[PDB]
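Trainee: Following this message is one structure expressed as structure tokens.
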Protein chains: 4
Amino acid sequence: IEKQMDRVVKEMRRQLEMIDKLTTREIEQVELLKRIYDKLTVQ
Amino acid sequence: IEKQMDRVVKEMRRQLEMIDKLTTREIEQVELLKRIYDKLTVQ
Amino acid sequence: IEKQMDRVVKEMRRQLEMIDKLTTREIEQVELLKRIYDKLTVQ
Amino acid sequence: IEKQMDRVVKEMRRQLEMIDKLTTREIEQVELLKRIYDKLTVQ
Ligand SMILES: [Sr+2]
């Protein structure tokens, strides 16, 4: 069963790398949203 | 296999931190989107 | 070790429920984004 | 524990499907955000 647990650890870390990237992309969306809102506010 | 099991548990704790971040950022984004839509729509 | 694997299955399903909710929320963001873009396009 | 291990593998496959969706939707959102920002900015 150690062969299977080995595959699980590897896949979890691969999927986490993907979620990590997603997290970075979401930060950009927030910053872009704030910029868009400012273009719509008098200043 | 206890060593492998420990690795799995720590990856899950790491993943939880990431989901928490995605969840809170998602809220910030949607609230921003609604505000932006309102700035463009007849009130 | 069955006690630990039991906790892993439960936690994975709990975290997936969270990702499932996130997925639904993201669909809304896309639909909201399309509506915002249309308010900015002549028609 | 092989039965529990199988449950874990299937949850991971389910999670992957979800991450794939989040990843593709995120792209659609950012491209929309950039287009919206452009519609509001001097070109
Ligand atoms: Sr988003």
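A note on labels: chains of the structure tokens are A, B, ... as shown, every chain counts residues from 1, and ligands are counted from 1 in their shown order.
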As a quick test: using only C-alpha atoms and all ligand atoms, which residues lie no more than 10 Å away from ligand 1? Give them as a PyMOL selection string.
Mentor: (chain A and resi 22-23+25-30) or (chain B and resi 22-23+25-30) or (chain C and resi 22-23+25-30) or (chain D and resi 22-23+25-30)
Trainee: Near chain D, meaning an atom within 12 Å, which residues of chain B appear when counting only C-alpha atoms? Write them as a ChimeraX atom specification.
Mentor: /B:1,5,8,12,15,19,22,26,29-30,32-33,36-37,40
Trainee: Please provide chain A as a short mmCIF file (atom, residue, chain, number, x, y, z; two decimals) with C-alpha atoms, in the first residue's frame, once it has been superposed on chain B by least squares across all sequentially paired Cα atoms.
Mentor:
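File selection.cif, as written:
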data_model
loop_
_atom_site.label_atom_id
_atom_site.label_comp_id
_atom_site.auth_asym_id
_atom_site.auth_seq_id
_atom_site.Cartn_x
_atom_site.Cartn_y
_atom_site.Cartn_z
CA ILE A 1 3.77 4.03 6.32
CA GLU A 2 2.85 6.26 9.28
CA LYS A 3 5.61 8.64 8.22
CA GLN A 4 3.94 9.07 4.84
CA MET A 5 0.42 9.50 6.24
CA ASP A 6 1.90 12.10 8.60
CA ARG A 7 3.22 14.04 5.61
CA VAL A 8 -0.17 13.74 3.86
CA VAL A 9 -2.10 15.21 6.80
CA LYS A 10 0.38 18.09 7.05
CA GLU A 11 0.29 18.83 3.32
CA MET A 12 -3.53 18.65 3.19
CA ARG A 13 -3.81 21.19 6.00
CA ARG A 14 -1.22 23.43 4.34
CA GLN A 15 -3.14 23.33 1.04
CA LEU A 16 -6.44 23.95 2.86
CA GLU A 17 -4.97 27.07 4.45
CA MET A 18 -4.29 28.18 0.86
CA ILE A 19 -7.85 27.41 -0.27
CA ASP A 20 -9.14 29.22 2.81
CA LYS A 21 -7.26 32.36 1.74
CA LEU A 22 -8.60 31.96 -1.80
CA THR A 23 -12.14 31.79 -0.42
CA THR A 24 -11.64 35.14 1.39
CA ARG A 25 -10.23 36.75 -1.76
CA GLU A 26 -13.21 35.57 -3.82
CA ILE A 27 -15.63 37.22 -1.39
CA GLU A 28 -13.85 40.52 -2.09
CA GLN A 29 -14.20 40.01 -5.84
CA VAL A 30 -17.95 39.57 -5.49
CA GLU A 31 -18.26 42.74 -3.43
CA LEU A 32 -16.10 44.64 -5.91
CA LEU A 33 -18.18 43.36 -8.83
CA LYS A 34 -21.40 44.58 -7.21
CA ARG A 35 -19.83 48.04 -6.71
CA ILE A 36 -18.76 48.17 -10.36
CA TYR A 37 -22.24 47.23 -11.53
CA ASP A 38 -23.80 49.98 -9.43
CA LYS A 39 -21.56 52.57 -11.07
CA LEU A 40 -23.22 51.52 -14.32
CA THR A 41 -26.82 51.66 -13.12
CA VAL A 42 -28.92 54.82 -12.97
CA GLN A 43 -29.99 55.75 -9.45
#
